[PDB]
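K.L.:
Please find one structure pasted underneath; my questions will follow.
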Amino acid sequence: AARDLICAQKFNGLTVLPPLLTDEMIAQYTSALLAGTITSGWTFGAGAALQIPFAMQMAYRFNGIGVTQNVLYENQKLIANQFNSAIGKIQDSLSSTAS
Amino acid sequence: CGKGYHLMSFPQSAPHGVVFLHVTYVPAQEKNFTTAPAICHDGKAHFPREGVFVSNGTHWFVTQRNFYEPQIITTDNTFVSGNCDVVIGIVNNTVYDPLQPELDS
Ligand SMILES: *[C@@H]1O[C@H](CO)[C@@H](O[C@@H]2O[C@H](CO)[C@@H](O)[C@H](O)[C@H]2NC(C)=O)[C@H](O)[C@H]1NC(C)=O
Ligand SMILES: *[C@@H]1O[C@H](CO)[C@@H](O)[C@H](O)[C@H]1NC(C)=O
Ligand SMILES: *[C@@H]1O[C@H](CO)[C@@H](O)[C@H](O)[C@H]1NC(C)=O
C-alpha cells in the first residue's frame, strides 16, 4: 500500500543508470594509492615503486618543508603519538558530527 | 606538465587546439641496498647533508637519492647533532676526515 516515489519515477519513463565503477573497485583504487604512498613515498607516482623506511620518508618530507631531519630523528615517538591522537580526533569527529 | 620529473615542454599548434610535448626524466633500473638513518662515531651522530646512507655487503656509503653515485662518508657531507642513544636504528661506522692525512704528513 505504501507507494514509493521511485516506482512512480520508473513508471513515468525516468530511469537511473548504474555507474561503471563499483564501490569495491573504488576502494581497491584507494587501497592501492594508500599502500603505494606508505611503502614508497612519491616514487610510485613518478615511475617504479622504490621502497624506503617510513622514518626516512618522513625525514625527506621534513627536509622538504625546510626543517633539519635531526628534529624528526630526536622526536619520533612524540611525532607518532601526535599523529595517532590526530587520527583518533578525526575518527571521533566523523563519528559525532554528521553535518 | 607530463608524468615523471619535468624538464621541458614544446608547444605545437593544432586545428582548434594546442599540443604539448612534455619532456620527463624517469628512473629506470633500481637496486636493493641496506640503509640506516645515522652513523655513530666517537659518541657522535652523523646525519647526511643531502643524500642517503646506504651499504653494500661490507662497507657504507652516502649517495644522492635519484641516482647511484656512492661516495666515502666524510665530515664534509655530514653534520653532527647530539649523541648516539636518541636515534632508533643507528649503526656504528667510522667517518673519514680530511684534516688528518694533512696533519700526519
Ligand atoms: C662492497 O664495497 C666495498 C668498498 O670498499 C668493496 O671493496 C672493494 O672491492 C674491490 C674489488 O672490486 C677491491 O679492489 C677494493 O680493495 C675493496 N675495498 C676495500 C676497502 O677492501 C666490495 O668489493 C663491495 N662488495 C662486496 C660484496 O663486499
Ligand atoms: C629486492 O628485494 C626484494 C625482496 O627480497 C626482491 O623481491 C627484489 O627482486 C630485489 N631487487 C629489486 C631490484 O627490487
Ligand atoms: C657501537 O659501539 C658502542 C661502543 O663502542 C657499543 O656500545 C654499541 O653496542 C655499538 N653498536 C652496536 C649496534 O653494536
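So for chain B, numbering is Swiss-Prot's, and the shown residues are 1043-1147, in order.
Including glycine, each Cβ sits where the backbone N, Cα and C put it.
Per Swiss-Prot, N-linked glycosylation site is recorded for B:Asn1074, B:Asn1098, B:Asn1134, and the stated evidence type is experimental evidence. Marked as disulfide bond by Swiss-Prot: B:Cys1082-B:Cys1126.
Neighbours and distances for these, please.
P.N.:
For B:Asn1074 (N-linked glycosylation site), the count of additional Cβ atoms within 10 Å of its Cβ stands at 7 [all protein chains shown].
Residue environment of B:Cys1082 (disulfide bond) contains 19 other Cβ atoms, counted within 10 Å of its Cβ in all protein chains.
Other C-beta atoms found within 10 angstroms of the C-beta of B:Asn1098 (N-linked glycosylation site) number 11, with every protein chain shown included.
In the three-state DSSP scheme, B:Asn1134 (N-linked glycosylation site) is classed as strand.
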K.L.:
Looking at the recorded positions B:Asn1074, B:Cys1126, B:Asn1134, which ones sit with their CA no more than 10 Å from the CA of B:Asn1098 (N-linked glycosylation site)?
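P.N.:
The recorded positions close to B:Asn1098 (N-linked glycosylation site) (Cα within 10 Å), listed in sequence order, are B:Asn1074.
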K.L.:
For chain A, give the subset of the recorded positions B:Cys1082, B:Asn1098, B:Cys1126, B:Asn1134 whose C-beta is less than 8 angstroms from one of that chain's C-beta atoms, in sequence order, otherwise 'none'.
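P.N.:
Cβ contacts with chain A under 8 Å: none.
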K.L.:
Taking the glycosylation sites B:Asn1074, B:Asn1098, B:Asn1134, which residues show a Cβ-atom distance to ligand 3 below 6 Å?
P.N.:
B:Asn1134
